[PDB]
Amino acid sequence: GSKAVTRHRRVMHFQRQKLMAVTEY
Amino acid sequence: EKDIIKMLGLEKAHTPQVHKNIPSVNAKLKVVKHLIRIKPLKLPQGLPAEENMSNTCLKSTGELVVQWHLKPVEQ
Amino acid sequence: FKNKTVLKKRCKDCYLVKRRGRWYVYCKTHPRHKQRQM
Amino acid sequence: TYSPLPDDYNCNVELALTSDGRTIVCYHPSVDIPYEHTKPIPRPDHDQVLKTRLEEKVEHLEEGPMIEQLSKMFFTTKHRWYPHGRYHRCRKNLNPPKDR
Amino acid sequence: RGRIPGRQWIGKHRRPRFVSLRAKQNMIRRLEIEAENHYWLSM
Amino acid sequence: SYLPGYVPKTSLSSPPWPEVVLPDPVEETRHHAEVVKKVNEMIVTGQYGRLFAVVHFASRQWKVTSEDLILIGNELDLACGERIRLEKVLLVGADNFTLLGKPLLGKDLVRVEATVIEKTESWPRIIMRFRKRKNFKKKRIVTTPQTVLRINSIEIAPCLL
Amino acid sequence: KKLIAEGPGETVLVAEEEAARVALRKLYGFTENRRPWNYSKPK
Amino acid sequence: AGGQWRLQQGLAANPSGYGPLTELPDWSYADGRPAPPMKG
Amino acid sequence: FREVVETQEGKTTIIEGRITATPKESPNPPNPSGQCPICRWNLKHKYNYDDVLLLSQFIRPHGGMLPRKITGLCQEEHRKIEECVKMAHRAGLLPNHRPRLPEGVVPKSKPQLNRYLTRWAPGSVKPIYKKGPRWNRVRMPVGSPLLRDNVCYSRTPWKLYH
Amino acid sequence: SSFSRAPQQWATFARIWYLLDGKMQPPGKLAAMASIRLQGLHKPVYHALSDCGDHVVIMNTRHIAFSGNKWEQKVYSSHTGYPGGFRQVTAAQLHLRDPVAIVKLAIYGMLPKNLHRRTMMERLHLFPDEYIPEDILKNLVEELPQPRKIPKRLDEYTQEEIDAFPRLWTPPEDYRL
Amino acid sequence: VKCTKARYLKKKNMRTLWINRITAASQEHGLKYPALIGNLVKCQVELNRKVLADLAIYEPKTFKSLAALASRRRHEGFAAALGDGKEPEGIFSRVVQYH
Ligand SMILES: [K+]
Ligand SMILES: [Mg+2]
Ligand SMILES: [Mg+2]
Ligand SMILES: [Zn+2]
């Protein structure tokens with residue numbers, strides 16, 4: 001797979017993507 | 001988390017089970033608190049007596065009624 | 001013209017104008033300052 | 001003057017409750033078409049010596065033109081007017097069960 | 001046009017997934033339940 | 001001639017749906033009693049014909065009328081020919097009036113009776129499972145018991161008021 | 001000017017004949033809406 | 001449909017859960033005799 | 001309102017300015033504490049492109065918008081009205097506010113295409129030959145994002161991209 | 001209803017002719033209501049295996065209205081099958097060439113993807129202008145209401161509504177306008 | 001195997017058929033499917049899709065009475081949403097209690 005730090009923005013797990021959407025200012 | 005769910009008798013879903021509100025039991029609940037729904041047990045008529053064991057019913061409000069008559073309220 | 005992603009005026013006689021859905025830079029004094037949004 | 005639905009097309013609905021409030025009564029009699037909303041049925045549609053005998057008008061039509069005449073008068077496609085083979089004509093149940 | 005290289009939902013270049021409105025509401029509904037679970041586990 | 005909450009008329013000034021005003025509960029309460037007395041007066045005089053009813057039987061709702069049949073998918077423990085009464089009636093309707101339960105109608109207002117005419121098994125049902133490339137295959141046949149009822153009568157009583 | 005019967009049909013003559021049949025059923029009381037025959041044991 | 005509204009009236013989300021519709025017997029003898037309790 | 005006129009007599013030209021009757025604001029506004037004509041009448045978030053009686057009070061006889069220092073509008077509402085007037089002209093709702101045609105011009109017959117909620121100028125829009133995939137679809141804009149906070153009476157919010 | 005068994009069946013499964021006016025109406029909204037009528041989804045007796053569709057007549061398909069910039073942005077793409085036979089025209093180009101294609105293509109895309117669709121399209125009648133043949137005009141039953149409400153131009157308002165709407169600002173008297 | 005798995009589709013497609021027929025019968029009276037089903041439950045009327053679809057075909061005068069009831073209960077809900085509790089509940093909004 002891919003390392004935790006990448007030159008490109010790494011795609012999140014869908015559960016995390018939903019979390020970031022609920023926790024928006 | 002699968003093992004704790006068995007200890008608490010929560011194999012089948014949407015099946016109310018009653019437990020004691022004590023630290024040891026609560027500790028097991030804090031491990032699977034994202035898989036369950038916790039609600040306090042209410043006793044508007046009080047504890048069931050020996051003559052009411054077969055007349056009880058657990059409502060969705062959390063109340064345990066000891067007189068399940070199944071008839072419209074006259075009020 | 002010259003296609004530019006960042007338009008910029010090169011003199012006092014350059015003027016911005018939005019035409020055909022994109023931004024342009026025109027200049028009558030120095031026609032080499034003309035730019036097209038890319 | 002309040003009415004949930006317009007009481008013009010199907011029936012005159014009048015909802016009601018009982019004194020105890022345990023039964024919903026609904027009086028819905030049918031409305032009749034007025035006489036002014038109708039039309040009269042169109043009933044209406046020489047020196048002859050020879051009785052006009054009935055003349056057959058069965059003109060020959062080829063398969064093609066005949067399917068075009070049938071698909072226009074019934075507003076369909078040409079496909080249903082083409083025949084089917086024996087395999088399918090013998091699979092059809094000629095004595096199907098009839099319900100009322 | 002519109003090829004995703006390789007398999008869709010794995011690897012470096014994946015097909016993007018977007019959060020709908022009911023997916024947000026579904027998650028918030030779960031949170032409100034577990035937040036009330038913390039309250040009854042506190043007495 | 002403008003109040004603090006006055007908005008000049010535009011497309012979005014007021015909702016698109018028309019404003020609705022419900023009847024006065026007091027004046028409406030006595031109008032309901034007139035409709036119940038009218039329908040109740042139609043039952044005493046027998047001013048109705050054939051009746052249909054919606055009964056809840058065997059976890060299932062049946063739209064039934066007189067001299068009709070219904071097929072039940074279980075055994076009832078009743079001899080063929082025994083007459084029973086269907087107790088749960090959600091709806092009983094006529095050509096000109098309809099009665100609804102909340103959710104069930106009273107027993108002193110409608111009486112549906114049926115009769116057992118046949119106790120029989122269903123036709124054999126195939127239960128077979130298969131998974132490719134796993135040597136997984138098994139067959140089972142089941143014949144569920146059945147019971148046929150015939151609705152005998154649907155009669156009502158003037159007990160609305 | 002009082003509707004007593006109304007019937008459908010493919011033609012205007014078939015519908016006019018079915019309407020008369022509908023009126024006769026109402027006149028004799030042999031409609032479909034008529035209450036079923038009473039088979040209950042005589043009292 | 002209606003599950004949340006039923007929960008606000010002290011009822012079950014599913015009308016099959018409890019109450020008169022499911023608990024009461026489904027039939028009885030025409031004479032008036034009661035029927036034996038249902039299995040469920 | 002002021003008008004200017006030119007009269008030529010004896011090869012001499014005269015230019016004058018004459019005042020004309022001027023409309024007056026209706027009395028007793030609902031919200032006298034409002035800052036611009038919009039909040040004073042409780043019209044904020046309650047008008048659209050099709051409300052021409054409101055839009056006509058802020059444009060010129062030839063379809064042009066009036067300055068903000070004259071009308072007294074706020075920059076937020078002046079931009080909304082400026083965009084709702086653009087979409088009203090394009091929908092054919094202001095047929096008496098057409099541009100001035102110089103002497104000796106007869107507009108050619110052009111395809112009459114009915115349209116509404118037209119954000120962009122027709123001639124400056126190119127066709128979408130490649131729609132794109134479902135996750136990167138090229139949408140067609142409908143309406144204006146400046147009217148996104150308008151009062152919606154439905155459960156589905158204003159869709160601005162088709 | 002106390003009818004005979006044959007007439008009762010003929011009435012229930014009868015075909016009705018509907019009328020739609022497309023003037024200043026978006027094709028999709030027109031096609032959404034025309035699509036359910038052609039299948040028979042407005043009938044409680046609906047079943048796919050029952051040919052219970054109705055007839056829809058849409059008039060004034062040349063005066064439809066698109067929202068946004070769809071006349072310029074929207075593209076209809078086809079292929080003749082031959083090399084270099086891929087064509088792409090805008091909605092405006094297609095509308096000037098065929099004034100019934102837009103409404104016909106919108107309905108054809110809303111109908112189920114099956115063999116019955118081509119039969120539903122024979123029961124659809126499109127006319128660019130308000131003229132309709134006598135035969136098709138003698139068998140009409142009902143006119144469906146327009147989905148979109150055509151807004152009024154400023155020249156269509158009466159002097160009452162104009163005076164009813166209040167003036168909001170007081171222009172200066174020294175302004176040239 | 002197809003016959004064994006088709007017993008799940010039969011039940012599914014039936015409910016899809018009923019809903020389509022209820023939706024059609026509700027639009028004849030200017031209603032939408034969610035407003036009929038949701039507001040009949042609020043009136044304690046527990047009628048399933050199968051029965052409702054049968055009534056729309058064979059008992060049209062009873063189905064209009066049910067749609068008027070749902071529309072009446074729907075309008076009472078809006079009236080209550082405009083008040084702050086002071087106004088009493090509607091006549092058809094009352095709930096029969098079972099102890
Ligand atoms: K990949
Ligand atoms: Mg790793
Ligand atoms: Mg791949
Ligand atoms: Zn320059």
# chains A, B, ... in the order shown; residues from 1 in each chain; ligands from 1
call {"tool": "residues_near_ligand", "arguments": {"ligand": "ligand 4", "cutoff": "7 Å", "atoms": "only C-alpha atoms and all ligand atoms", "output": "number ranges by chain"}}
result
C: 9-14, 27, 29-31, 33
call {"tool": "write_last_selection", "arguments": {"atoms": "C-alpha atoms", "output": "short mmCIF file (atom, residue, chain, number, x, y, z; two decimals), in the first residue's frame"}}
result
data_model
loop_
_atom_site.label_atom_id
_atom_site.label_comp_id
_atom_site.auth_asym_id
_atom_site.auth_seq_id
_atom_site.Cartn_x
_atom_site.Cartn_y
_atom_site.Cartn_z
CA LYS C 9 -1.27 44.89 -16.16
CA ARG C 10 2.12 46.00 -17.48
CA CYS C 11 1.43 49.74 -17.79
CA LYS C 12 -1.07 52.45 -16.90
CA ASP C 13 -2.89 52.12 -20.25
CA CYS C 14 -3.74 48.43 -19.83
CA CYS C 27 -3.64 47.93 -24.37
CA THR C 29 -0.44 52.06 -26.37
CA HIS C 30 1.57 48.81 -26.32
CA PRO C 31 -0.34 46.01 -28.10
CA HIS C 33 0.66 43.76 -23.30
#
call {"tool": "residues_near_ligand", "arguments": {"ligand": "ligand 3", "cutoff": "8 Å", "atoms": "only C-alpha atoms and all ligand atoms", "output": "list in words"}}
result
residues 3, 4, 5, 6, 7 and 8 of chain E
call {"tool": "atom_distance", "arguments": {"atom1": "CA of residue 72 in chain B", "atom2": "CA of residue 66 in chain K"}}
result
23.4 Å
call {"tool": "select_by_dssp", "arguments": {"residues": "chain H", "states": "helix (DSSP H, G or I)", "output": "list in words"}}
result
residues 3, 4, 5, 6, 7, 8, 20, 21, 22 and 23 of chain H
call {"tool": "residues_near_ligand", "arguments": {"ligand": "ligand 2", "cutoff": "7 Å", "atoms": "only C-alpha atoms and all ligand atoms", "output": "ChimeraX atom specification"}}
result
/A:1-4
call {"tool": "interface_residues", "arguments": {"of": "chain K", "to": "chain H", "cutoff": "12 Å", "atoms": "only C-alpha atoms", "output": "PyMOL selection string"}}
result
chain K and resi 33-49+93-99
call {"tool": "write_last_selection", "arguments": {"atoms": "N, CA and C atoms", "output": "PDB file, in the first residue's frame"}}
result
ATOM      1  N   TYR K  33     -47.986   9.720  -1.769  1.00  0.00           N
ATOM      2  CA  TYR K  33     -47.925   8.496  -0.973  1.00  0.00           C
ATOM      3  C   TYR K  33     -47.460   8.730   0.456  1.00  0.00           C
ATOM      4  N   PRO K  34     -46.394   9.489   0.718  1.00  0.00           N
ATOM      5  CA  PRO K  34     -45.966   9.666   2.114  1.00  0.00           C
ATOM      6  C   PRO K  34     -46.997  10.363   2.977  1.00  0.00           C
ATOM      7  N   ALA K  35     -47.778  11.277   2.405  1.00  0.00           N
ATOM      8  CA  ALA K  35     -48.766  12.013   3.178  1.00  0.00           C
ATOM      9  C   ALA K  35     -49.995  11.179   3.506  1.00  0.00           C
ATOM     10  N   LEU K  36     -50.268  10.130   2.730  1.00  0.00           N
ATOM     11  CA  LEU K  36     -51.390   9.250   3.030  1.00  0.00           C
ATOM     12  C   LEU K  36     -51.005   8.215   4.080  1.00  0.00           C
ATOM     13  N   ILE K  37     -49.899   7.508   3.852  1.00  0.00           N
ATOM     14  CA  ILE K  37     -49.478   6.459   4.772  1.00  0.00           C
ATOM     15  C   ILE K  37     -49.080   7.048   6.118  1.00  0.00           C
ATOM     16  N   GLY K  38     -48.321   8.144   6.104  1.00  0.00           N
ATOM     17  CA  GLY K  38     -47.837   8.711   7.348  1.00  0.00           C
ATOM     18  C   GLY K  38     -48.934   9.280   8.221  1.00  0.00           C
ATOM     19  N   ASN K  39     -49.983   9.828   7.610  1.00  0.00           N
ATOM     20  CA  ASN K  39     -51.051  10.470   8.362  1.00  0.00           C
ATOM     21  C   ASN K  39     -52.185   9.522   8.718  1.00  0.00           C
ATOM     22  N   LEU K  40     -52.277   8.366   8.060  1.00  0.00           N
ATOM     23  CA  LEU K  40     -53.209   7.340   8.510  1.00  0.00           C
ATOM     24  C   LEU K  40     -52.706   6.641   9.764  1.00  0.00           C
ATOM     25  N   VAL K  41     -51.388   6.501   9.904  1.00  0.00           N
ATOM     26  CA  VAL K  41     -50.820   5.982  11.140  1.00  0.00           C
ATOM     27  C   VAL K  41     -51.055   6.948  12.289  1.00  0.00           C
ATOM     28  N   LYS K  42     -51.054   8.252  12.010  1.00  0.00           N
ATOM     29  CA  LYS K  42     -51.297   9.235  13.054  1.00  0.00           C
ATOM     30  C   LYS K  42     -52.747   9.231  13.512  1.00  0.00           C
ATOM     31  N   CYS K  43     -53.646   8.658  12.715  1.00  0.00           N
ATOM     32  CA  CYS K  43     -55.043   8.494  13.086  1.00  0.00           C
ATOM     33  C   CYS K  43     -55.328   7.097  13.622  1.00  0.00           C
ATOM     34  N   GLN K  44     -54.284   6.353  13.986  1.00  0.00           N
ATOM     35  CA  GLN K  44     -54.396   5.022  14.573  1.00  0.00           C
ATOM     36  C   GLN K  44     -55.057   4.022  13.631  1.00  0.00           C
ATOM     37  N   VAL K  45     -55.071   4.316  12.335  1.00  0.00           N
ATOM     38  CA  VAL K  45     -55.624   3.413  11.333  1.00  0.00           C
ATOM     39  C   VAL K  45     -54.481   2.554  10.802  1.00  0.00           C
ATOM     40  N   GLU K  46     -54.510   1.261  11.123  1.00  0.00           N
ATOM     41  CA  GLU K  46     -53.448   0.333  10.741  1.00  0.00           C
ATOM     42  C   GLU K  46     -53.939  -0.540   9.589  1.00  0.00           C
ATOM     43  N   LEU K  47     -53.878   0.023   8.386  1.00  0.00           N
ATOM     44  CA  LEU K  47     -54.210  -0.682   7.156  1.00  0.00           C
ATOM     45  C   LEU K  47     -52.952  -0.802   6.311  1.00  0.00           C
ATOM     46  N   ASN K  48     -52.683  -2.007   5.825  1.00  0.00           N
ATOM     47  CA  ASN K  48     -51.452  -2.277   5.101  1.00  0.00           C
ATOM     48  C   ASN K  48     -51.602  -1.921   3.624  1.00  0.00           C
ATOM     49  N   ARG K  49     -50.487  -2.012   2.899  1.00  0.00           N
ATOM     50  CA  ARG K  49     -50.494  -1.659   1.483  1.00  0.00           C
ATOM     51  C   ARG K  49     -51.432  -2.561   0.693  1.00  0.00           C
ATOM     52  N   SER K  93     -56.619  14.421  15.759  1.00  0.00           N
ATOM     53  CA  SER K  93     -55.256  14.238  16.232  1.00  0.00           C
ATOM     54  C   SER K  93     -55.186  13.572  17.598  1.00  0.00           C
ATOM     55  N   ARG K  94     -56.321  13.369  18.259  1.00  0.00           N
ATOM     56  CA  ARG K  94     -56.323  12.699  19.548  1.00  0.00           C
ATOM     57  C   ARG K  94     -55.936  11.235  19.381  1.00  0.00           C
ATOM     58  N   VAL K  95     -55.353  10.671  20.434  1.00  0.00           N
ATOM     59  CA  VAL K  95     -54.839   9.308  20.422  1.00  0.00           C
ATOM     60  C   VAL K  95     -55.551   8.515  21.505  1.00  0.00           C
ATOM     61  N   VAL K  96     -56.108   7.372  21.123  1.00  0.00           N
ATOM     62  CA  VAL K  96     -56.749   6.476  22.076  1.00  0.00           C
ATOM     63  C   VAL K  96     -55.669   5.708  22.822  1.00  0.00           C
ATOM     64  N   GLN K  97     -55.746   5.719  24.148  1.00  0.00           N
ATOM     65  CA  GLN K  97     -54.757   5.070  24.991  1.00  0.00           C
ATOM     66  C   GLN K  97     -55.229   3.679  25.391  1.00  0.00           C
ATOM     67  N   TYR K  98     -54.272   2.762  25.511  1.00  0.00           N
ATOM     68  CA  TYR K  98     -54.542   1.382  25.890  1.00  0.00           C
ATOM     69  C   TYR K  98     -53.655   1.025  27.071  1.00  0.00           C
ATOM     70  N   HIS K  99     -54.274   0.674  28.193  1.00  0.00           N
ATOM     71  CA  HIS K  99     -53.531   0.312  29.393  1.00  0.00           C
ATOM     72  C   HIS K  99     -53.465  -1.203  29.540  1.00  0.00           C
TER      73      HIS K  99
END
call {"tool": "select_by_dssp", "arguments": {"residues": "chain F", "states": "strand (DSSP E or B)", "output": "MDAnalysis selection string"}}
result
chainID F and resid 52:57 60:65 69:72 83:86 89:93 97:101 110:121 125:131 136:142 145:156
call {"tool": "residues_around", "arguments": {"residues": "residue 38 in chain E", "least_positions_apart": "5", "cutoff": "9 Å", "atoms": "only C-alpha atoms", "output": "ChimeraX atom specification"}}
result
/B:30,33,38
call {"tool": "write_last_selection", "arguments": {"atoms": "C-alpha atoms", "output": "compact mmCIF listing (two decimals), in the first residue's frame"}}
result
# COMPACT_ATOMS: atom_id res chain seq x y z
CA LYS B 30 -18.10 1.24 28.06
CA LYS B 33 -21.19 1.58 24.14
CA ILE B 38 -28.82 2.21 27.19
call {"tool": "atom_distance", "arguments": {"atom1": "CA of residue 71 in chain B", "atom2": "CA of residue 12 in chain H"}}
result
16.1 Å
call {"tool": "atom_distance", "arguments": {"atom1": "CA of residue 58 in chain I", "atom2": "CA of residue 175 in chain J"}}
result
13.3 Å
call {"tool": "residues_around", "arguments": {"residues": "residue 43 in chain J", "least_positions_apart": "2", "cutoff": "8 Å", "atoms": "only C-alpha atoms", "output": "PyMOL selection string"}}
result
(chain J and resi 40-41+45-46) or (chain K and resi 21+24-25)
call {"tool": "residues_around", "arguments": {"residues": "range 17-29 of chain E", "least_positions_apart": "3", "cutoff": "10 Å", "atoms": "only C-alpha atoms", "output": "list in words"}}
result
residues 11, 12, 13, 14, 15, 17, 18, 19, 20, 21 and 22 of chain A; 9, 14, 32, 33 and 34 of chain E; 135 of chain I
call {"tool": "write_last_selection", "arguments": {"atoms": "C-alpha atoms", "output": "compact mmCIF listing (two decimals), in the first residue's frame"}}
result
# COMPACT_ATOMS: atom_id res chain seq x y z
CA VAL A 11 -7.81 9.33 0.03
CA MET A 12 -9.53 8.71 3.35
CA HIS A 13 -11.61 5.81 4.55
CA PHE A 14 -15.26 6.61 3.92
CA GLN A 15 -16.00 6.53 7.66
CA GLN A 17 -14.55 11.27 5.31
CA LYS A 18 -18.01 11.28 6.92
CA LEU A 19 -16.51 12.24 10.29
CA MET A 20 -14.71 15.22 8.78
CA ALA A 21 -17.98 16.31 7.17
CA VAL A 22 -19.96 16.20 10.42
CA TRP E 9 -11.90 1.32 -4.56
CA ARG E 14 -9.27 5.50 -6.47
CA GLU E 32 -26.92 11.38 19.70
CA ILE E 33 -27.61 7.85 20.94
CA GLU E 34 -24.09 7.20 22.21
CA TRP I 135 -17.90 11.84 -10.10
call {"tool": "residues_around", "arguments": {"residues": "range 1-17 of chain G", "least_positions_apart": "2", "cutoff": "8 Å", "atoms": "only C-alpha atoms", "output": "PyMOL selection string"}}
result
(chain D and resi 32-35+41) or (chain G and resi 19-23) or (chain J and resi 3+7-8+10-11)
call {"tool": "write_last_selection", "arguments": {"atoms": "C-alpha atoms", "output": "mmCIF file, in the first residue's frame"}}
result
data_model
loop_
_atom_site.group_PDB
_atom_site.id
_atom_site.type_symbol
_atom_site.label_atom_id
_atom_site.label_comp_id
_atom_site.auth_asym_id
_atom_site.auth_seq_id
_atom_site.Cartn_x
_atom_site.Cartn_y
_atom_site.Cartn_z
ATOM 1 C CA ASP D 32 -75.087 11.670 -9.986
ATOM 2 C CA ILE D 33 -74.072 13.195 -13.320
ATOM 3 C CA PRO D 34 -76.288 16.248 -13.956
ATOM 4 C CA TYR D 35 -78.463 16.388 -17.043
ATOM 5 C CA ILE D 41 -76.768 10.605 -28.568
ATOM 6 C CA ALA G 19 -77.774 0.969 -19.310
ATOM 7 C CA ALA G 20 -81.292 -0.427 -19.672
ATOM 8 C CA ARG G 21 -80.070 -3.717 -18.211
ATOM 9 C CA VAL G 22 -78.620 -1.760 -15.287
ATOM 10 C CA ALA G 23 -81.951 -0.024 -14.693
ATOM 11 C CA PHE J 3 -72.794 -3.847 -15.176
ATOM 12 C CA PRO J 7 -68.648 -3.925 -20.344
ATOM 13 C CA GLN J 8 -67.159 -3.693 -16.845
ATOM 14 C CA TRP J 10 -63.992 -2.778 -21.294
ATOM 15 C CA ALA J 11 -64.392 0.378 -19.202
#
call {"tool": "residues_around", "arguments": {"residues": "residue 1 in chain C", "least_positions_apart": "5", "cutoff": "12 Å", "atoms": "only C-alpha atoms", "output": "PyMOL selection string"}}
result
chain C and resi 7+24-27+30-38
call {"tool": "write_last_selection", "arguments": {"atoms": "C-alpha atoms", "output": "PDB file, in the first residue's frame"}}
result
ATOM      1  CA  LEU C   7      -3.433  38.253 -15.783  1.00  0.00           C
ATOM      2  CA  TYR C  24      -8.692  39.763 -21.212  1.00  0.00           C
ATOM      3  CA  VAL C  25      -6.079  42.496 -20.990  1.00  0.00           C
ATOM      4  CA  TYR C  26      -6.085  45.097 -23.758  1.00  0.00           C
ATOM      5  CA  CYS C  27      -3.641  47.934 -24.373  1.00  0.00           C
ATOM      6  CA  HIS C  30       1.565  48.805 -26.316  1.00  0.00           C
ATOM      7  CA  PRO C  31      -0.342  46.007 -28.102  1.00  0.00           C
ATOM      8  CA  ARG C  32       2.200  43.491 -26.778  1.00  0.00           C
ATOM      9  CA  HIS C  33       0.658  43.759 -23.300  1.00  0.00           C
ATOM     10  CA  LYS C  34      -2.411  41.890 -24.558  1.00  0.00           C
ATOM     11  CA  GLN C  35      -3.209  38.772 -22.537  1.00  0.00           C
ATOM     12  CA  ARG C  36      -5.902  36.103 -22.619  1.00  0.00           C
ATOM     13  CA  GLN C  37      -7.140  34.093 -19.654  1.00  0.00           C
ATOM     14  CA  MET C  38      -6.239  30.419 -19.994  1.00  0.00           C
TER      15      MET C  38
END
call {"tool": "interface_residues", "arguments": {"of": "chain I", "to": "chain F", "cutoff": "6 Å", "atoms": "only C-alpha atoms", "output": "list in words"}}
result
residues 30, 42, 46 and 47 of chain I
call {"tool": "interface_residues", "arguments": {"of": "chain F", "to": "chain D", "cutoff": "9 Å", "atoms": "only C-alpha atoms", "output": "PyMOL selection string"}}
result
chain F and resi 20-23+29+31-36+38-39+95-106+160-161
call {"tool": "interface_residues", "arguments": {"of": "chain I", "to": "chain C", "cutoff": "12 Å", "atoms": "only C-alpha atoms", "output": "number ranges by chain"}}
result
I: 119-126
